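J.: My structure is below; once you've seen it, I'll send some questions.
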Amino acid sequence: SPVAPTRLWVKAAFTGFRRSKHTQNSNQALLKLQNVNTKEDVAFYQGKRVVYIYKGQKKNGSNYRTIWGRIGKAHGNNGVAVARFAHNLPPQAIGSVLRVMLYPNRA
Amino acid sequence: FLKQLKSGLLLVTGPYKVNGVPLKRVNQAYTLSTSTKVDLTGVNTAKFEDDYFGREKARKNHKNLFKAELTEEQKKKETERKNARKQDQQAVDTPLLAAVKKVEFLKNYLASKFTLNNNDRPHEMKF
Amino acid sequence: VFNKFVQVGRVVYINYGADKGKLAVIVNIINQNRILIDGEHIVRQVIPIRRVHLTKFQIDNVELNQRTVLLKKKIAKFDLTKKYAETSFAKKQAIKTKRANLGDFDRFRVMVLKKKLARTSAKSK
Amino acid sequence: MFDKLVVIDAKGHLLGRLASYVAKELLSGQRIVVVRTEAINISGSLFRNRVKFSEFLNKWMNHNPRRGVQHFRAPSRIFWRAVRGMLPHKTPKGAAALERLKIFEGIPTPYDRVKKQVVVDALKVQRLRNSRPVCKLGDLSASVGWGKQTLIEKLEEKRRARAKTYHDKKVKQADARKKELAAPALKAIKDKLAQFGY
Amino acid sequence: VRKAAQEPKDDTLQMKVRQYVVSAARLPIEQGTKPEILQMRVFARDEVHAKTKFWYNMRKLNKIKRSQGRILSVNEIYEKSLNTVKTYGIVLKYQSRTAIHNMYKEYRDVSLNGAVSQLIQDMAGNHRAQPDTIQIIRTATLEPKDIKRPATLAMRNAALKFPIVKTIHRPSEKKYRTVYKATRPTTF
RNA sequence: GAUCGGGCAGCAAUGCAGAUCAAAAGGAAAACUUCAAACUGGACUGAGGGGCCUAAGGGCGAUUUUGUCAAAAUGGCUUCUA
RNA sequence: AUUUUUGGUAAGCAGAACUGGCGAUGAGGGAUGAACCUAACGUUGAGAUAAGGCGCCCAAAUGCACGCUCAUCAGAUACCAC
RNA sequence: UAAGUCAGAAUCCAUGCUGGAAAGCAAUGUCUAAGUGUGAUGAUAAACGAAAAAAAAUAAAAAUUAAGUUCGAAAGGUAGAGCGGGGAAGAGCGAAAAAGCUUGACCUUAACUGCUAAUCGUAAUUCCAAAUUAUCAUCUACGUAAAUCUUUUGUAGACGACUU
Ligand SMILES: [Mg+2]
Ligand SMILES: [Mg+2]
Ligand SMILES: [Mg+2]
Ligand SMILES: [Mg+2]
Ligand SMILES: [Mg+2]
Ligand SMILES: [Mg+2]
Ligand SMILES: [Mg+2]
Ligand SMILES: [Mg+2]
Ligand SMILES: [Mg+2]
Ligand SMILES: [Mg+2]
Ligand SMILES: [Mg+2]
């Protein structure tokens with residue numbers, strides 16, 4: 001089969017951790033959500049759950065693996081947002097695409 | 001969407017002929033509310049409340065190492081429940097198909113899946 | 001060539017402002033970077049000419065430093081409203097506004113309607 | 001930044017700016033290809049930039065010239081050094097970043113077809129007061145003896161001529177399909193959509 | 001970030017000068033007396049700032065110091081009508097690395113506060129003046145018979161037209177910002 | 001009603017239109033400062049394991065529900081990577 | 001080291017005064033570096049900062065407005081490199 | 001001289017010349033036993049439309065201020081249908097890194113119709129494509145071309161290397 005039918009996740013990029021020239025907090029990743037541009041728009045995702053998927057050797061019959069987290073806060077005035085994961089993201093992850101999902105809908 | 005249970009879960013029917021989503025407990029959180037609305041003139045919900053969907057679970061005990069499967073009695077009970085549900089559905093789905101059938105594309109629109117377009121902006125979207 | 005100028009009494013589009021997407025008129029040129037702005041839907045503003053776009057509507061009736069009121073009248077008599085409303089610009093703009101308000105079903109419809117426009121053209125006769 | 005491969009047409013682009021942008025894009029995962037490098041612009045007298053590139057030709061490793069710096073005279077590489085300069089290129093991460101960028105002069109085969117893109121902020125017209133001085137890269141690489149300028153021109157012309165073919169066909173047929181869109185059966189559906197908020 | 005009411009909605013477009021009146025009196029403070037009150041017009045960004053400007057000038061002009069007097073009041077002045085363009089003259093003294101200078105300057109603006117703000121930016125850029133150094137001697141809203149500067153008189157005509165020769169592309173909101181787009185903009 | 005000019009007129013003498021200031025009589029409103037009342041979305045945290053206490057309202061510093069988990073699964077070790 | 005100081009043409013020289021500091025001291029900023037700027041250190045998470053920054057290397061504005069500048073030797077700032 | 005133009009150096013860059021293990025590229029000779037052999041497990045700084053070909057000009061125009069576009073987009077099934085999609089051979093064209101475009105046996109699929117979806121129990125990657133390639137195991141083929149050492153030359157040589 002050609003593709004997956006419906007993908008409901010927004011594409012995010014992993015920019016790096018939250019850092020100063022000589023110092024970095026690896027607790028807080030930075031993401032840029034696709035077509036997300038200003039702080040206003042980023043806010044919209046505030047509680048949202050985000051996934052990090054990667055592949056590897058068979059673990060419980062699945063060749064993939066996951067790390068789950070949430071976007072918490074606007075970082076700087078273009079579209080950039082801190083994410084926290086369960087396990088602080090591995091650093092090679094930096095080049096890569098993460099899945100923003102719309103799961104957190106509340107009243 | 002049919003009605004909201006006391007447990008808080010949402011009561012749900014993909015018309016099982018059109019969607020394939022037969023009759024469902026769902027969480028408010030896990031869904032997006034569309035402004036497209038179908039009237040259920042056939043509202044039957046009084047039939048169905050939380051206790052309606054139970055299930056019977058195998059015994060996972062410290063002497064079996066939480067290694068569990070269901071007995072024959074259980075296969076049966078669950079089969080029966082399933083047939084029962086199959087029945088109860090048509091009750092609800094039936095006025096539904098009707099109501100839905102009268103809205104031009106609504107059958108297809110229900111049959112279809114919701115994907116994002118690359119160019120989309122879920123944060124400013126109007127549904 | 002140079003047909004469209006920034007002049008006392010020009011019809012201008014406010015872009016990049018609190019006022020974006022709104023027409024206005026120009027009563028005075030303050031320095032070379034800023035003009036004085038008015039209209040029915042906008043307070044009397046000073047704006048950097050940078051934020052503004054010339055609309056090719058020149059109202060020769062307008063007078064230097066015209067009071068808000070008299071301007072609004074002259075503007076009304078000119079039909080900035082009707083005239084601009086016919087413009088390819090405003091037509092497109094409104095079309096956008098239309099696309100803005102559409103629900104899941106609206107899209108879906110448009111898609112099936114889009115497929116039909118494609119697969120049906122063979123109807124010669 | 002998310003499109004699978006961006007291809008930039010460097011023409012009328014300013015070196016350093018196009019540079020920084022492509023650099024960032026690169027760092028963040030965008031795989032780029034830049035084209036028509038020979039067409040990039042630099043602010044200053046062609047003279048001044050020749051003085052500068054000369055000044056660079058002048059630097060070298062003393063005891064052994066064939067170790068370290070190689071002074072590259074093609075526009076492609078001029079740009080490349082430019083970008084490598086703006087990445088942490090000794091870092092494994094920086095390396096990846098680099099590997100993402102490919103650069104050419106003129107518009108080579110795989111890239112005839114794919115849509116060429118522009119970085120708006122990087123345009124000479126956008127960036128530089130009209131009456132201030134500038135150079136095209138290929139002029140510099142001329143002064144420094146990159147021989148292919150003439151060839152590239154010829155080659156470009158060739159490809160321009162293929163363009164006119166594509167386009168013209170594309171226009172003719174695409175008018176014919178717009179005309180038959182105005183016929184009765186479809187005129188109906190057109191109206192349906194317009195009302196639908198075309 | 002405290003706005004004076006007569007400043008623009010966009011803080012960007014103008015400096016935070018406001019025009020103040022400050023008035024005070026010799027400290028002894030004798031009751032039934034008819035005190036000499038010293039009053040002055042200062043341009044500052046604060047009440048505090050204004051007080052400073054006040055006292056500086058006052059101790060230069062007269063015997064008084066602060067321990068020797070009391071501040072009666074500080075009252076911001078406002079411009080009449082923000083509907084018209086006016087030509088303002090300003091008379092300055094400022095301090096350049098060599099010496100001190102008296103300048104006369106003109107600006108076409110909607111506010112005397114605007115006249116001043118523009119004056120400061122100009123004086124920084126063209127003259128490398130330091131705000132603290134600048135002393136505004138007298139300020140007049142100019143009658144047309146009285147306007148002397150060429151870049152001022154330059155703008156009097158109704159026939160005034162600027163083509164907009166070059167339009168540098170500037171998206172409307174940030175929501176529209178793209179680094180790289182699929183086609184080239186235009187100027188005009 | 002009075003001034004003015006970066007108007008149209010008018011050959012001039014003069015008029016039409018402005019803009020600024022503005023009498024008594026009326027209308028209708030914006031920006032700033034201060035001080036208040038109230039709505040909705042997030043992130044981090046849950047130290048302690050009582051029946052005592054009262055301003056009679058409560059306080060004393062997280063509870064509830066549900067899902068998954070037998071397989072090296074989880075935690076760790078050696079080596080390596082960023 | 002700031003300020004004040006004597007001999008000396010002068011010195012990253014030789015001497016003195018008050019307060020610090022460096023030695024005995026790490027952290028962020030001055031790319032870099034004992035005595036500068038912020039700031040004084042138990043293990044750890046959040047938030048908002050100082051000094052300094054926000055085109056890329058680099059977290060953060062190719063922000064929004066002003067004035068001035070074209071260098072066939074531009075310019076790019078405390079202690080600092082004349 | 002500010003735009004704009006000529007002349008113009010033992011200078012600069014080229015031309016010529018020597019290197020050229022640039023972990024660059026091309027053309028060509030022969031060979032690669034047996035199959036467009038299969039199986040299992042894997043890795044690739046990044047698959048889920050990660051969609052998209054005018055050329056040129058920014059003091060142009062009769063006229064259009066933003067890819068702020070356009071196209072695609074239905075069930076990760078089955079049975080029919082068949083708008084439409086993809087393409088053997090051979091014959092055409094195509095060279096800047098020949099990437100492919102045409103025709104075409106045939107292969108396939110959308111509306112519409114019937115079954116099939118539910119008990120994957122209110123979430124836990126939606127594990128499937130494409131281009132590459134590693135390892136282990138195996139079935140068929142037990143062959144073909146060439147090189148090197150043990151020789152040879154002295155146009156070369158410390159030894160390797162090199163000409164023959
Ligand atoms: Mg483990
Ligand atoms: Mg002192
Ligand atoms: Mg000493
Ligand atoms: Mg001291
Ligand atoms: Mg001290
Ligand atoms: Mg010691
Ligand atoms: Mg210290
Ligand atoms: Mg912290
Ligand atoms: Mg800028
Ligand atoms: Mg010459
Ligand atoms: Mg020389």
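Neighbour counts are summed over all protein chains in view; Cβ atoms, including those assigned to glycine, are modelled from backbone coordinates with ideal geometry. Each reported figure results from applying straightforward, stated rules to the coordinates on display, with no laboratory input.
J.: For the stretch D:44-53, what are the residues that are farther than 15 Å from residue D:75 by Cβ and touching a residue at least 40 places away in the same chain (Cβ under 8 Å)?
T.: D:44, D:45, D:48
J.: Run residue A:69 past the list (1) in contact (Cβ under 8 Å) with a residue 24 or more places away in the chain; (2) within 14 Å of chain B (Cβ to nearest Cβ) and report the number of the one that doesn't hold.
T.: That leaves (2) as the condition not met.
J.: In the stretch A:34-49, which residues are under 13 Å from residue A:73 (Cβ atoms), within 16 Å of the chain's Cα centre (by Cα) and either within 12 Å of RNA strand G (Cβ to nearest atom) or touching a residue at least 12 places away in the same chain (Cβ under 8 Å) (or both)?
T.: Within the stretch A:34-49, the subset under 13 Å from residue A:73 (Cβ atoms) is A:39, A:42-48.
Narrowing the set further to residues that are within 16 Å of the chain's Cα centre (by Cα) leaves A:42-48.
Within the stretch A:34-49, A:42, A:43, A:45, A:46, A:47, A:48 qualify.
J.: Follow-up. Looking at the stretch C:60-81, can you tell me whether even one residue there is closer than 25 Å to residue E:187 by Cβ and touching a helix residue (DSSP H, G or I) at 6+ places or on another chain (Cβ under 8 Å)? First the steps, then the outcome.
T.: The first filter runs over the stretch C:60-81 and keeps only residues closer than 25 Å to residue E:187 by Cβ, leaving none.
No, there is no match, as no residue in the stretch C:60-81 is closer than 25 Å to residue E:187 by Cβ and touching a helix residue (DSSP H, G or I) at 6+ places or on another chain (Cβ under 8 Å).
J.: If we only count helices (runs of 4 or more DSSP H) wholly inside the stretch C:45-125, which ones have 1 or more residues that are closer than 30 Å to residue D:186 by Cβ and more than 8 Å from every other protein chain (Cβ to nearest Cβ)?
T.: Once the helices (runs of 4 or more DSSP H) in the stretch C:45-125 are filtered for at least 1 residues that are closer than 30 Å to residue D:186 by Cβ and more than 8 Å from every other protein chain (Cβ to nearest Cβ), what remains is C:80-86, C:88-100, C:104-119.
J.: What's the number of the condition residue D:99 fails, among (1) away from RNA strand F (no atom under 16 Å from the Cβ); (2) within 14 Å of chain A (Cβ to nearest Cβ)?
T.: All conditions are met except number (1).
One line per residue, one yes/no per condition, for (1) farther than 28 Å from residue C:109 by Cβ; (2) in contact with a strand residue (DSSP E or B) (Cβ under 9 Å, 6 or more places away or on another chain):
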position: B:29; (1), (2): yes, no
position: B:53; (1), (2): yes, yes
position: B:58; (1), (2): yes, no
position: B:73; (1), (2): yes, no
position: B:85; (1), (2): yes, no
position: B:96; (1), (2): no, no
position: B:116; (1), (2): no, yes
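J.: Filter the stretch E:9-51 down to the residues that are closer than 16 Å to residue E:131 by Cα, among the small types (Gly, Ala, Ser) and part of a strand (DSSP E or B) and list them by number.
T.: Residue satisfying the conditions is E:44 alone.
J.: Testing residue B:32 on (1) in a helix (DSSP H, G or I); (2) surrounded by 11 or more Cβ atoms within 10 Å (Cβ to Cβ), one condition comes back false. Which one is that?
T.: (1)
J.: So, in the stretch D:122-151, how many residues would count as being within 14 Å of chain E (Cβ to nearest Cβ) and under 29 Å from residue D:71 (Cβ atoms)? Show your work before the answer.
T.: Step one: list which residues in the stretch D:122-151 are within 14 Å of chain E (Cβ to nearest Cβ), which gives D:122-132.
Then keep just the ones that are under 29 Å from residue D:71 (Cβ atoms); that gives D:122-124, D:127-128, D:132.
Result for the stretch D:122-151: 6.
J.: To continue, here is another question. When the residues of the stretch D:7-59 are filtered to those that are among the acidic types (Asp, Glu) and away from chain A (no Cβ under 14 Å), which remaining residue is nearest to RNA strand H (Cβ to nearest atom)?
T.: By that ranking, first place goes to D:9.
J.: If you don't mind, there's one more thing I want to ask. Select from the stretch E:152-164 the residues that are within 16 Å of RNA strand G (Cβ to nearest atom) and either over 21 Å from the mean Cα position of the chain (by Cα) or within 9 Å of chain C (Cβ to nearest Cβ) (or both) and list them in ascending order.
T.: Passing the criteria: E:154, E:155, E:162, E:164.
J.: Quick check on residue D:92: is it more than 18 Å from the chain's Cα centre (by Cα), within 16 Å of RNA strand F (Cβ to nearest atom) and away from every other protein chain (no Cβ under 11 Å)?
T.: Details: more than 18 Å from the chain's Cα centre (by Cα): yes; within 16 Å of RNA strand F (Cβ to nearest atom): yes; away from every other protein chain (no Cβ under 11 Å): no.
So residue D:92 fails the test.
J.: Would you tally the residues in the stretch A:1-59 being assigned to a loop (DSSP other than H, G, I, E, B) and more than 16 Å from RNA strand F (Cβ to nearest atom)?
T.: So the count comes out to 14.
J.: Kindly evaluate residue B:110 against the criterion of being on the phi < 0 side of the Ramachandran plot, away from chain A (no Cβ under 14 Å), touching a helix residue (DSSP H, G or I) at 6+ places or on another chain (Cβ under 7 Å) and outside any helix (DSSP H, G or I).
T.: No: the conditions fail for residue B:110.
J.: Let me ask something else. Being more than 10 Å from chain B (Cβ to nearest Cβ) and hydrophobic (A, V, I, L, M, F, W, C) is the filter; apply it to the stretch A:11-33 and report the residue that is nearest to RNA strand G (Cβ to nearest atom).
T.: Per the stated criteria, the residue is A:30.
J.: Moving to a separate point now. Which numbered condition trips up residue D:197, out of (1) within 30 Å of residue E:169 (Cα to Cα); (2) more than 14 Å from chain C (Cβ to nearest Cβ); (3) outside any strand (DSSP E or B)?
T.: Here residue D:197 meets the rest and fails (2).
J.: What do you reckon, is residue D:112 touching a helix residue (DSSP H, G or I) at 6+ places or on another chain (Cβ under 8 Å), surrounded by fewer than 13 Cβ atoms within 10 Å (Cβ to Cβ), over 14 Å from residue D:13 (Cβ atoms) and more than 14 Å from every other protein chain (Cβ to nearest Cβ)?
T.: Working: touching a helix residue (DSSP H, G or I) at 6+ places or on another chain (Cβ under 8 Å): yes; surrounded by fewer than 13 Cβ atoms within 10 Å (Cβ to Cβ): yes; over 14 Å from residue D:13 (Cβ atoms): yes; more than 14 Å from every other protein chain (Cβ to nearest Cβ): yes.
Here the answer is yes, as residue D:112 does meet what is asked.
J.: Follow-up. Do you know which of the residues in the stretch E:176-188 that are within 13 Å of RNA strand G (Cβ to nearest atom) and under 17 Å from residue C:51 (Cβ atoms) is farthest from the other protein chains (Cβ to nearest Cβ)?
T.: My answer is E:176.
J.: Then there's this: Hey, residue A:79 hits all of (1) within 14 Å of another protein chain (Cβ to nearest Cβ); (2) within 18 Å of residue A:28 (Cβ to Cβ); (3) within 11 Å of RNA strand F (Cβ to nearest atom) but one; which does it fall short on?
T.: All conditions pass for residue A:79, except number (3).
J.: Give the number of residues within the stretch A:6-24 that are over 12 Å from the mean Cα position of the chain (by Cα) and surrounded by 10 or more Cβ atoms within 10 Å (Cβ to Cβ).
T.: 6
J.: Please tell me if residue D:164 is over 28 Å from residue E:178 (Cβ atoms) and either surrounded by fewer than 13 Cβ atoms within 10 Å (Cβ to Cβ) or of a type outside the set (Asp, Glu) (or both). Spell out how you get there, then give the answer.
T.: On the way: over 28 Å from residue E:178 (Cβ atoms): yes; either surrounded by fewer than 13 Cβ atoms within 10 Å (Cβ to Cβ) or of a type outside the set (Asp, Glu) (or both): yes.
Judged against the criteria, residue D:164 is a match.
J.: If I filter the stretch D:65-89 down to residues being more than 16 Å from RNA strand G (Cβ to nearest atom) and under 20 Å from residue D:105 (Cα atoms), which single residue comes out as farthest from the other protein chains (Cβ to nearest Cβ)?
T.: Result: D:71.
J.: For the stretch D:24-52, which residues satisfy the criterion of being buried (at least 17 other Cβ atoms within 10 Å of the Cβ) and either assigned to a strand (DSSP E or B) or among the aliphatic types (A, V, I, L, M) (or both)?
T.: D:26, D:27, D:32, D:33, D:34, D:35, D:39, D:40, D:41, D:42, D:43
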